[PDB]
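First the structure, in the form of structure tokens, and then the observations on it.
Labels below follow one simple rule: chain letters A, B, ... track the order of the sequence lines, proteins then strands, and each chain is numbered from 1.
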Amino acid sequence: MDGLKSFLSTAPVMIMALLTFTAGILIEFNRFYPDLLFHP
Amino acid sequence: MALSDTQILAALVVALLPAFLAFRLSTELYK
Amino acid sequence: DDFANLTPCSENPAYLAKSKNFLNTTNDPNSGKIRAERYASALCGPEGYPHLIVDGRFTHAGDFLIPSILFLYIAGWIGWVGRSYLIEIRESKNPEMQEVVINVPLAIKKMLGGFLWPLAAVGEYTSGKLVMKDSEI
Amino acid sequence: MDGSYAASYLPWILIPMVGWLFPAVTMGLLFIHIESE
Amino acid sequence: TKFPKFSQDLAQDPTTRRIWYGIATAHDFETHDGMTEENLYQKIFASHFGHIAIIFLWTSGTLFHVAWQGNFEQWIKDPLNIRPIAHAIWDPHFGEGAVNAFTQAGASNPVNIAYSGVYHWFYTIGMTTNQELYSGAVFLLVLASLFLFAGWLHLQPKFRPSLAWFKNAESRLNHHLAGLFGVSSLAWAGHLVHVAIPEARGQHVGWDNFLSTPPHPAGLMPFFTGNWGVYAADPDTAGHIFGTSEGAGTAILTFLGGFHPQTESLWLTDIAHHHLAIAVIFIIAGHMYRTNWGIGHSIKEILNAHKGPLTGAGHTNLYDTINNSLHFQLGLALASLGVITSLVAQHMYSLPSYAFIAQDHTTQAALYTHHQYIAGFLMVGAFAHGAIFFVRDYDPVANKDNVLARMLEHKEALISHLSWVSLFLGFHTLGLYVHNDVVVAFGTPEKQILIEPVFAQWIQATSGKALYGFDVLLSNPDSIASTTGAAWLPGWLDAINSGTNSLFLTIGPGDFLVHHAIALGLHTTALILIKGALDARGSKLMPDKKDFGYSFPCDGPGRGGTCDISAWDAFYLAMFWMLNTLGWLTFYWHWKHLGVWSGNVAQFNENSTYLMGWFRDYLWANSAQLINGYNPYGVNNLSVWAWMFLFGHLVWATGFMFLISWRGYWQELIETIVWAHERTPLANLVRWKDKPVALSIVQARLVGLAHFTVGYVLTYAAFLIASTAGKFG
Amino acid sequence: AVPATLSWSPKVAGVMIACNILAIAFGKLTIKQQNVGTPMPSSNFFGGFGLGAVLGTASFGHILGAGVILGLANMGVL
Amino acid sequence: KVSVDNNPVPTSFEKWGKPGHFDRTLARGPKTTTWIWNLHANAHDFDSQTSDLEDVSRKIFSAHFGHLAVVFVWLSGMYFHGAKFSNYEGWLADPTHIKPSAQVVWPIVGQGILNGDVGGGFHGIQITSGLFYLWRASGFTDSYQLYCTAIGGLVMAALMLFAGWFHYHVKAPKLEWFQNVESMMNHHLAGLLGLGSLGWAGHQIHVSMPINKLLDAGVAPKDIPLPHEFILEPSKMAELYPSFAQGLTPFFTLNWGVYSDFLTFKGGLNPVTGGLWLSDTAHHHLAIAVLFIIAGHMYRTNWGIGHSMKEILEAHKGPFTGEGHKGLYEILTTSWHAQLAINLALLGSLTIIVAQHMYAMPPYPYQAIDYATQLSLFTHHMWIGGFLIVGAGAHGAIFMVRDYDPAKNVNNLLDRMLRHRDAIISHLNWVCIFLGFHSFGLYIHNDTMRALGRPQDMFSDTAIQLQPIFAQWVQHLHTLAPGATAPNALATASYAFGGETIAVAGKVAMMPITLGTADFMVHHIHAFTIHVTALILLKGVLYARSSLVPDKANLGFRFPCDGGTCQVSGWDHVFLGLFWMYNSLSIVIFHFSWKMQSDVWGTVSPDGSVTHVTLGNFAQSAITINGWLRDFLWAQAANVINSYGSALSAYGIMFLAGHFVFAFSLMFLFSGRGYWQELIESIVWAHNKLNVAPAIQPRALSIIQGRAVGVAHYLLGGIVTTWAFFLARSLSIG
Ligand code: CLA
Ligand SMILES: CC1=C(/C=C/C(C)=C\C=C\C(C)=C\C=C\C=C(C)\C=C\C=C(C)/C=C/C2=C(C)C(=O)CCC2(C)C)C(C)(C)CCC1
Ligand SMILES: CC1=C(/C=C/C(C)=C/C=C/C(C)=C/C=C/C=C(C)/C=C/C=C(C)/C=C/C2=C(C)CCCC2(C)C)C(C)(C)CCC1
Ligand SMILES: [Cl-]
């Protein structure tokens, strides 16, 4: 368990997790509110 | 009018002056 | 009249012809129509594409100013929390290992506290904790 | 490849000299001098 | 052994490295064995005489071949339709197809078309016959001879100047400001008034009659009476036909502004008053420094007096630092000349001075590209010799706590901030281009990020351009700047609002993005060059870099960590960015003008906001005629440029070999070749004198950079000329 | 068009047996390691061959028989 | 034979959270950013992690199990997206009017435009992998069958992972098990290749052939019986193939002639589909199976009979080679790198052969007339083969540095090769120079002559001719072979050699590929580039240990320089070899693309006239460099650069993406770490000034890594550029 937790805390897993989470937010926002070129 | 043959040849003769002087300057610089 | 070379999109003949054929960018069948209405408020060139004004006039604050404020808040947040985490682990026995094996409980604490970074940055600057003295490095 | 310009025979002489003799004399003199002593 | 005579160490090298390095260090006089400071200056002074003579001979050739083999007399009768001829072609390798293709411009033999603009230049300054061109060519031969003799003379014992003579900065500045600049400008104004202007009005003025032909009917009495307004009355009318008296005036000095309606170039009378006006300023400026009569300024006093509490010693002791360092002086000269050369390029295309040159599109493109590339090379050289100054001449003690020393103190701040701005520009400029590419690719061009270059448009408005409706200063009729009654304003406002010239071209979002791309190139090239100069004296990686030299061999045992850090390596890297920056700006200039010349400015305006537009509309589209210069169906006049186009591509690629591979691979390969030679019967009898060796690490980078640069220039030159020449005559 | 092949008959059997006999004889004279591994129930009748040698020669015999039978059938000699 | 150790390595997650555990140096943790790069570079260099050959072998054996699991997951995906996100069923019912598509993108930020109309109302990305053609040949008729195959692949992937874990953490074979090369060859010849081909032959006979025969006869896919129905009711098979009425008796009695109705030697191509006759492929795999199974009883394992590979090698020695092949058995049974070097060289060469043979003898139905699939398959497998061959040079050099023991190789072939290495390279050096001058010089000659308006002086069919007479002779023999040297073959092996034009749906599937002066010139360009690439890699292997730089083996395979002595390591030769392999293969695929469009592919008129894609311009244009620039690159790039706003816009984007990465790589290739380290110092100062300097000290990339990064980005940029160029072009011509 401790070894697995440390593995999931390694730099590559963490950055990919954050990028995946960040990508999801941006994609989902553009799925519902697309084409925002400027603040109305 | 177009340049004559003598004018073209005359320029070549005049060009021997800088050629000779260039040789002297280059040799002097080589010293 | 400033921007006389430009024209509002709602009055630009090129925009009107093209805006009727805007492609749908999502699964919503009206997404192309919505974009046509939204961009109608902007200034368009002869080709009919919106142009952005960033000279500072507040009538176009939505072009660059509002996006700029949002980015700087997010950017400063990312930098500030990363700096805070880096400084704190520097006080441990093995700081290097905590940079390649993240201390997730500590990182989450720092990340959740980044919304006050502009105030924290001001406080550190006044307290001499933001900038190191040249003689110190 | 003739020429209506005056003294059109000059290229027949100068270009071979500039193209053949000058490089040949230059290369010969430089290589001999560079490979001397 | 013998060669090089100036380096005993190189002469003793038993390998082929002796030959290469002897050539590469021939003109680095400072490092020659036994060189003294006094002999250094005298050798440089003589060498400068040689360079000036070469320039005159080069100019003499241009005049001679035009007069001999050109069509100048035919061209002047119809400048807008006749193509000027550069020189005849005599190539025995030509086939039947090539002979016919290059028999052009009305010639009876194969010829090349001139794109240097000399025809327009010679015609504008009043030359109208082959005889006049021939006379100028002969005159320059004599002038070249005089300087060749002067160089030889001033190397003789009695005529060698002393070291103190070369160090007399105040005297040289006075003479060269008042005399070299001022009097020359005054003399040119004389040529314009007495020769060029009368010729433009159909009046022949030459050496035979200029003494009996006053340039103005009023004579010189108004000049000495103060009634100078007479020389501006009755200017050339808008209907004047250049070279004839139809519509011609009598004024010799004017301030009309704008362009001559027919020739689409600046008024000669304005140019005359211009060169007269600056001559007065330069002559006055040349009386500032004290030489022999007590009056005047001492440069040392001025520098030592300008110091404040925020810059330590300020400008103290910089007179000695600059006056004693030739590399510092050369750096300043190259930097100043580099800036001026760009200014020439920028202002000659927008404010042409030569009649009908604005309609010779290929010539305009060639001239702008030529001088911008020269400017780029000069700028790199200025920083290179700035770095050399720090390595060789900079004295920390003398410059203690002055502005120069403090630059080295905050170098980390300088380099780090230059790094940020380069990253700042690069990330966001590239990002916007890619954003536009993707949205356009997905069929949604309306989603592009198009930023209006408002600031630049505003500047155009301040000069009177009313297109943008900013209504500011000269664009505002009620502004105090507009109601001054300036003579030039009516002409200038017409020119800037005509829309039929290159004066303040209308700009849009496409111009915005490329201008920031140019800023990226400028800042990044400066970053590389500035880092090299400031780190030349040492860094943390190599604290003792100063005592190794500008370029040092890094292949010695134990010197693995000394590679790529010499100040020379910074120059090597900066060259790529200088070429890249020049490529971006020349692409920008050419593509924009292609639309302006053809009237289809919409193409650049709409397609320059994404990179596929440059790739497709500029590169791919304009290559069609070039690559058809020769094809399975025949050849045309672009065959040479097509062949040169591939030649440049080949030379460029050949450079990759030297830049990518390293010495070790080739040294062992050569050993096998040496092994084969020594064992081949009847061939091992022939023995080399210099042992073949692979190129040194520095040499390979220099050779690779040379092939890269040559291929870079040749490729674009062929494309630039062929694409423009094919479209427009 | 297609090469001729033969429906089975005693003639085919004779060729296959003959080829197997040749393979056995050839193996007995050429195999270097004959009685290695699993032995036979009575090696006297197999010339000292082990199980591997018995199967190897028989397998080689079937291959030779197939080639000969098909080859002779192709030429019509069988 | 079988010998394992029980539970040698406990299964525990402890080392998962300790990166770099496998290396003693890295296990101590990072001090500089160089540690991060070293961790990934040395992850799978097992022999440097442990000195025991048995331990190295065990890691390799289970590692190879992991790779198989990865491949199965990839295969499972292809079948799954074919089952769920494809128009396979629609295409199967109308292959000549529907284009294959098996990838559908989500409609986000306007990328839905990539879902182009491929026919039948389906929208998606058109695939060039040829999966539909493979699946049709296999007998697939409905999505459920593809779905079942996808599930099976995942099960196999799971089994491979379990086997990898089991055979490392539970039951690890001993070294003696791995070194039983005689047994391995027997099993992998007779078992893997033999039974694999026999099993597939049974599949084709019982499944592929009957289903495809009905499909080729115009029977709707839904009306075709399922594969098992032909087995449950053999009368269905008898109707299609009467010989099945006689059962298996003919097989056992050697009366094989009766099976001629489904085991054929037709040759040529199926007129309906334009692919190989499935009856021919069935007899092919049946004949191959017999050959491999026989070949697999060659080596002695446990019953005396068979050859000893060591004995065979030691016997082959001659007067010109001293000890000859003695000692090689020891090398190949104790050095994994030596084995990998051989296998990479042959497998890479094999992949190239696959590309060459598959295009000219299209095995799958409708593959030939899908020019995008034809071009994609040829180009793809050409690149794979080229990379593997370069790997052979890399791991050949690694063997010399690490595993070659001179004391154990005295006067044998390997030792003798190192003795005359100067002679080898010097002569190989000359032939490369000769080929370069007399191959590329011809193009330069032609460019100059054409530019000078002297077409009559060029090397061309209408000018001085260079006819590849030997190749023309071979084509003539292969055209005459049916009935004369292959009497029982009804048609030529490939119509590329000569004969009739095969047209399907009004498009050319294959036709004679004539060879002329342009073909002669380019073929000798290939000889030049291949010889040079071999020179660089062979030189790397021969000079990996010694010189200039003696005792090079001490430094190792990867070292920056010795002590100029930079770019002398075995690795550095791989770095240069990659560039030349890229250069060599780029011309090959360009040769293929232009020749096929110019002289093979096109539309066939009802009367019979053929209109080629580029109207036969190869003969007169491919003889100058300008022709390649103008008629191939500039002309055919029009499709990719005009792709914006269409379903092909993605290729336009990737076309620019490739150009960028190529240019980006030049930053690494032209520079060195010294400059970047000094730049980092100034940047570090700024970070220090704000108390935000990292604990892991930033470092510039090592000298070797900078070269590795440069070549990696260079090849990626160049290959991606061609990929987008080819797919956009081929998807637009038909
Ligand atoms: C197209 C080619 C190319 C590119 C893109 C760059 C880019 C850069 N160079 Mg380089 N350079 C090049 C060619 C190139 N160079 C060549 C041919 C040479 C001659 C040897 C040099 C020599 C050189 C020097 C000497 C210097 C630079 C510097 C720079 C920086 C300039 C600032 C900038 O633009 O920041 C913006 C950054 C970029 C444009 C980089 C690309 C960013 C990408 C597109 C986004 C991130 C991608 C992400 C990581 C995904 C990774 C892939 C995958 C795993 C997902 C930047 C990193 C200077 C520097 O370092 O300044 C700080 C510097 O000193 N370059
Ligand atoms: C005594 C005296 C006075 C009287 C002066 C008189 C009565 C006449 C003076 C005439 C003068 C001072 C003429 C100077 C002419 C200079 C020339 C002509 C220089 C040319 C130089 C170059 C380098 C030319 C280059 C070129 C050539 C040759 C071409 O053909 C093509 C263009 C270009 C490439 C530019 C006054 C009372 C007034 C003042 C006090 C002294
Ligand atoms: C490293 C080094 C060096 C080098 C340097 C360099 C190379 C530099 C450059 C620099 C540069 C390259 C600069 C530039 C500048 C510029 C400027 C500063 C400008 C200004 C302008 C102005 C001010 C203007 C104004 C105006 C306007 C805009 C409009 C109209 C009016 C007027 C005129 C008012 C040296 C040698 C020193 C030595 C030491 C070290
Ligand atoms: Cl051509």
Side-chain angles (χ1 to χ4, degrees), chain E residues 79-80 84 114-121 123-124 257-268 270-271 274 337-379 453 456-457 459-460 463-465 491-492 494-508 510-511 514-515 518 522 581-601 604-605 608 618 622 713 716-717 719-721 723-725 727-729:
Chain E
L80 300 175
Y115 301 117
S116 57
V118 298
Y119 277 63
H120 305 77
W121 180 28
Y123 182 51
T124 302
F259 300 109
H260 186 289
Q262 186 204 10
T263 69
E264 302 182 1
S265 60
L266 302 173
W267 299 93
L268 286 177
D270 291 6
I271 296 174
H274 181 43
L337 194 63
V339 170
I340 293 305
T341 309
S342 286
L343 199 63
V344 167
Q346 297 286 18
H347 295 195
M348 282 196 71
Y349 91 85
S350 53
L351 295 165
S353 300
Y354 304 140
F356 307 107
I357 199 172
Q359 297 301 314
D360 192 327
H361 299 150
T362 308
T363 298
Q364 289 289 69
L367 289 170
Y368 182 89
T369 305
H370 169 85
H371 280 116
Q372 282 290 40
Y373 269 86
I374 298 296
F377 277 89
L378 294 173
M379 291 309 308
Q457 294 174 347
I459 288 174
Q460 298 193 348
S463 279
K465 186 163 183 174
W492 171 261
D494 176 68
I496 197 174
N497 289 309
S498 295
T500 63
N501 53 38
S502 293
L503 182 60
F504 285 109
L505 291 169
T506 303
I507 51 178
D511 307 281
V514 65
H515 244 94
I518 293 170
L522 263 51
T581 304
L582 267 285
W584 288 350
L585 76 88
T586 53
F587 284 23
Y588 174 29
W589 189 100
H590 191 213
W591 189 18
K592 191 179 184 64
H593 273 84
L594 287 174
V596 172
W597 293 331
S598 64
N600 182 22
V601 300
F604 176 89
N605 297 344
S608 62
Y618 178 60
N622 291 281
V713 173
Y716 188 68
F719 169 72
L720 180 70
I721 293 169
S723 61
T724 311
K727 277 187 172 181
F728 309 97

OG-NE2 distance between E/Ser598 and E/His361, expressed to the nearest 0.5 angstrom: 9.5 Å
E/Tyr588 ring center near E/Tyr618 ring center (under 6.0 Å): no
Aromatic ring pairing E/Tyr349/E/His593, orientation class (parallel under 30°, perpendicular over 60°, tilted between): perpendicular
Set of salt bridge (charged side-chain N to carboxylate O under 4.0 Å, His left out) partners for E/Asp511, sequence neighbours left out: E/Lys592
Listed pairs under 3.5 Å, donor-acceptor, residues 339-348 of chain E side chains, sequence neighbours left out:
unit_1, atom_1, unit_2, atom_2, d
E/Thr341, OG1, E/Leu337, O, 2.6
E/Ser342, OG, E/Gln372, OE1, 2.9
E/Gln346, OE1, E/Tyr368, OH, 3.3

Backbone N/O of E/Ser463 and side chain of E/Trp492: donor-acceptor pair under 3.5 Å: yes
Exercise: identify the closest heavy-atom pair between E/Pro352 and E/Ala358: CG-CB, 4.2 Å
OG1 on E/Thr263 to NE2 on E/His120, rounded to 0.5 Å: 10.5 Å
E/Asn501 side chain vs E/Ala495 backbone, donor-acceptor pair below 3.5 Å: yes
Approximate separation, where rounding is to 0.5 Å, of E/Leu367 CG and E/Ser116 OG: 7.5 Å
Approximate separation, where rounding is to 0.5 Å, of E/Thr124 OG1 and E/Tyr354 OH: 7.5 Å
Least distance between heavy atoms, E/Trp267 atom then E/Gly257 atom: NE1-O, 3.3 Å
Closest heavy-atom pair and its distance - E/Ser608, E/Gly510: OG-CA, 3.2 Å
Beyond-backbone contact of E/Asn497 with E/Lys465, side-chain heavy atoms, under 4.5 angstrom: yes
Exercise: identify the closest heavy-atom pair between E/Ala365 and E/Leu720: O-CD2, 3.6 Å
Pair E/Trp589 and E/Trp597, ring centroids less than 6.0 Å apart: yes
For the student: nearest non-hydrogen atoms of E/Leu80 and E/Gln359, plus distance: CD2-CB, 3.7 Å
Pair E/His590, E/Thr724: side-chain N/O donor-acceptor within cut-off below 3.5 Å: yes
Polar side-chain atom of E/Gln457 near backbone of E/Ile507 as donor-acceptor pair, under 3.5 Å: yes
Distance, nearest 0.5 Å, that separates CG of E/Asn622 from CZ of E/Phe719: 5.0 Å
Donor-acceptor contact present, side-chain E/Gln460 to main-chain E/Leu505, <3.5 Å: yes
Inter- and intrachain pairs under salt bridge (charged side-chain N to carboxylate O under 4.0 Å, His left out), touching residues 342-365 of chain E, at least two apart: E/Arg83-E/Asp360
E/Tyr716 (side chain) donor-acceptor with E/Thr586 (main chain) under 3.5 angstrom: yes
E/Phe728 side chain reached by E/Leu594 side chain, heavy atoms, under 4.5 Å: yes
CG-CG distance between E/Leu503 and E/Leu351, expressed to the nearest 0.5 angstrom: 5.5 Å
Nearest non-hydrogen partners of E/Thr363 and E/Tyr115, listed with the distance: CG2-O, 3.6 Å
Residue pair E/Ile271 / E/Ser353, side-chain heavy-atom distance below 4.5 Å: yes
